[PDB]
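First comes one chain, alone, set out as structure tokens in the form deposited in one PDB entry.
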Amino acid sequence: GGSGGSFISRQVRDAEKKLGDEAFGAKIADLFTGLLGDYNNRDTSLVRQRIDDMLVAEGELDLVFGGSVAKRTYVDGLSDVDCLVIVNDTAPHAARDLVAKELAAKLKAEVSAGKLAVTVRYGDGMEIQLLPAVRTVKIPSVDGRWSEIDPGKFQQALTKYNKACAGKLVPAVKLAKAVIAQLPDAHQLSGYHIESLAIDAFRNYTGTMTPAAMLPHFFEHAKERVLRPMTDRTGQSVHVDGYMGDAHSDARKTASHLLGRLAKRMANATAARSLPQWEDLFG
């Protein structure tokens, strides 16, 4: 504490102003924590066991990312599913109906089908999300159309960099998907593309490892990274954003403006200490 003799209204106002910002930051963190409550409290041990109980074959992809956040009950990426269920019939909307029927018999639980996945709701309320896959492995999504991404490499990157982020990458991705889900459907990036952008955004992340700090970082990073086709560190493409075109296309520019406006709204909401503006971002 001592300086050894080594030597106000503005300073007082500046100090109170900063304290206000620091208090608001903790308040928004509670908002994010509540939004992430179902994911963070999910009994992943029970999800893994029940996957073995219900299970034409399950993929070797360890995901268990099925907890919903921010009331967004959508499944559009690997970070939203619990496991892939590879269909063995050599024949996307159809392979989902297979997985739905076979499990309805094996199960104890009511099985349902959605826009992209199969939801097994057990008696206690647990909803496990199963993505139907086909072997050639590919995953759905553009309805009635299979995706081109490699499901294994996405799972490897998601888990590795989620582990490198103390399991906070997927919470940040789920909050980002909640922010983007409130935009027009045609002005929304794909769930797989968001996950690839988050991998690229957090591989060399030096900032604070909290969802509150990571979420603005994703949109700040992705508004630039979306301008160029997605690649890994080798430079090899990951084949997730071919639907946007070539580098600096009009589509990628339009996505850059939107990703930048969501980031500005986040900064403005925090600077305005506006809790309702932050809640409006999540719906």
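The numbering used is simple: start at 1 and walk along the sequence shown. Superpose the two forms; the largest set of C-alphas matching within 1.5 Å is the rigid core.
Missing here is the form deposited in another entry; even so, the following discussion is about that form.
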- Query: Where does the C-alpha shift reach 2 Å or more between the shown form and the other one among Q156, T210, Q188, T73, given a fit on the rigid core?
  - Reply: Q188
- Using a rigid core alignment, state whether the CA of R261 is displaced by 2 Å or more between the shown form and the other one. no
- Note on the structure: Evidently the Cα separation of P184 and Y192 changes by 3 Å or more in the other entry, so the atoms lie farther
- Task: Since the C-alpha distance between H257 and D185 changes by 3 Å or more in the other entry, give its direction relative to the shown form: closer or farther.
- Result: closer
